[PDB]
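*Asks:* Turn this into a model:
(one chain, ligands or ions: 1)
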Amino acid sequence: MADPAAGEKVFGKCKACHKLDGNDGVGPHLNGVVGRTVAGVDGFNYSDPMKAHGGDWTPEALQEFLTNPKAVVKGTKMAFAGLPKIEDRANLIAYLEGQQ
Ligand code: HEC
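*Replies:* Numbering: from 1, shown residues only. Right below this line is the structure:
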């Protein structure tokens, strides 16, 4: 279950906040976020528990952060409730590996 064309319609839930193409806006640019540090865009103003995490966004840490953002980063400035199916986050993770 890694379909990148289905991850474009799931990324329509993200793309009012997050762009990919340099702009930022409400959330940062996600252009290769799979394998980037937590708090990893030099320019965007991040929250305290996002900066105190560090490390990396793996295709596994993103799979439970994209369904409960406040369970993995407790007190994030990301105003997002969660994705429901494991196919929704796995298809989006397959999209923004290639589409960046
Ligand atoms: C606007 C209401 C948002 C929606 C909808 C989504 N996200 Fe977002 N994202 C937003 C903000 C304000 C932030 C920054 C949080 C902070 O600490 O200041 C974020 C952050 C993410 C991140 C972390 C990126 C990093 O540089 O470490 C990820 C990985 C992220 N958001 C992913 C993401 C996806 C894929 C969404 C759609 C399913 C999504 N966000 C929605 C704001 C908003």
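*Asks:* residues of the lengthiest helix in the chain that come out buried?
*Replies:* The residue-count maximum for a helix in the chain (DSSP state H) belongs to helix 86-98. Buried residues in helix 86-98, counting neighbours by 16 or more other CB atoms under 10 Å, are found at 88, 89, 90, 91, 92, 93, 94, 95, 96, 97. For every residue, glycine as well, the C-beta is placed using N, CA and C.
*Asks:* Check whether the second one really touches residue 62, as I assumed.
*Replies:* Yep, that's residue 89 we're talking about. Yes. Using CB atoms under 8 Å, residue 89 is in contact with residue 62, at 6.8 Å.
*Asks:* before we move on, back to that, mind listing residues that contact the longest helix of the chain?
*Replies:* Residues from elsewhere that reach helix 86-98 (CB atoms under 8 Å, 6 or more residues apart in numbering): 1-8, 10-11, 14, 20, 30-34, 59, 62-63, 66-67, 83.
*Asks:* from those, which ones fall inside helices?
*Replies:* Among these, the members found in helices (DSSP H) are 4, 5, 6, 7, 8, 10, 11, 14, 62, 63.
*Asks:* and the ligand, which of the residues you listed reach it?
*Replies:* When contact is defined as CB under 6 Å from any ligand atom, the ones in helices among the contacts of helix 86-98 meet the ligand at residue 14.
*Asks:* The ligand: which of the ones in helices among the contacts of helix 86-98 is nearest?
*Replies:* Nearest to the ligand among those is residue 14, at 2.9 Å by CB to the nearest ligand atom.
*Asks:* Which residues of this structure lie near the ligand?
*Replies:* Taking CB under 6 Å from any ligand atom as the contact definition, the chain meets the ligand at 13-14, 17-18, 26-28, 30, 33, 38-41, 46-47, 50, 57, 66, 76-80, 83, 92.
*Asks:* about what we covered before: go through the ones in helices among the contacts of helix 86-98 and give me the one with the most neighbours.
*Replies:* residue 7 (23 neighbours; other CB atoms under 10 Å).
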